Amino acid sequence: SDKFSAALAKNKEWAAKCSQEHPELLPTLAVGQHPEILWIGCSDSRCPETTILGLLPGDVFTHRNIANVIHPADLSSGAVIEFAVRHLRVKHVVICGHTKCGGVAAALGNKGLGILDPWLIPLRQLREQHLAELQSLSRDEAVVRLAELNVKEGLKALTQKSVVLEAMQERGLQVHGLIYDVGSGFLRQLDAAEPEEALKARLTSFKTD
């Protein structure tokens, strides 16, 4: 069965249902978006943000990439963060990793993957830093642990951006780390504690005028 032609038919059925059951929603969204959440998650087909959050179109500004990696100088994630934080003024930035992330699993192996190798470098940087801890775990346990370390490192890379530090001080922007369990459907919050003195050093080092 052609999944593309099947998807177009299901789109038309969904759009007609939306007109019947929430007739104001799509026309009000056409006037302009006002999402309160920026979601940075994995491209993994099992992590569709709006479905797993039980939300609607217009609720979640979304960036998805392999293993939800934030490269500090990546223009793709950089442009979405600039737009979502400065222009849409989202109240929340969520970084969501997930269980059974094959990107994280690839980083724990040493098989050459072409253009994927430079993309996964930040996961291999965390692997080197945390090697003794990761080697003490089973492969399945290491995949969860490195997925968590990657979310926490992402929150650090996110808060190293002046536009985020500005929004946190000016209008109480909040940032959050999650792990999605692909087997249960539950989001879990990471404790993601950093000393107060961590954000002070970051403000000094990264906030610009």
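Note that residue numbering begins at 1 and tracks the sequence as displayed.
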Of 23-31 vs 139-147, the stretch with the larger average CA B-factor in the entry is 23-31
14-22 versus 187-195 - greater average Cα B-factor per the deposited record: 187-195
Using only the C-alpha B-factors in the record, can you name which of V80, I115, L126, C101 has the highest? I115
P122's Cα B-factor: lowest, middle or highest third of the chain? middle
What third of the chain does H87 rank in for C-alpha temperature factor, lowest, middle or highest? middle
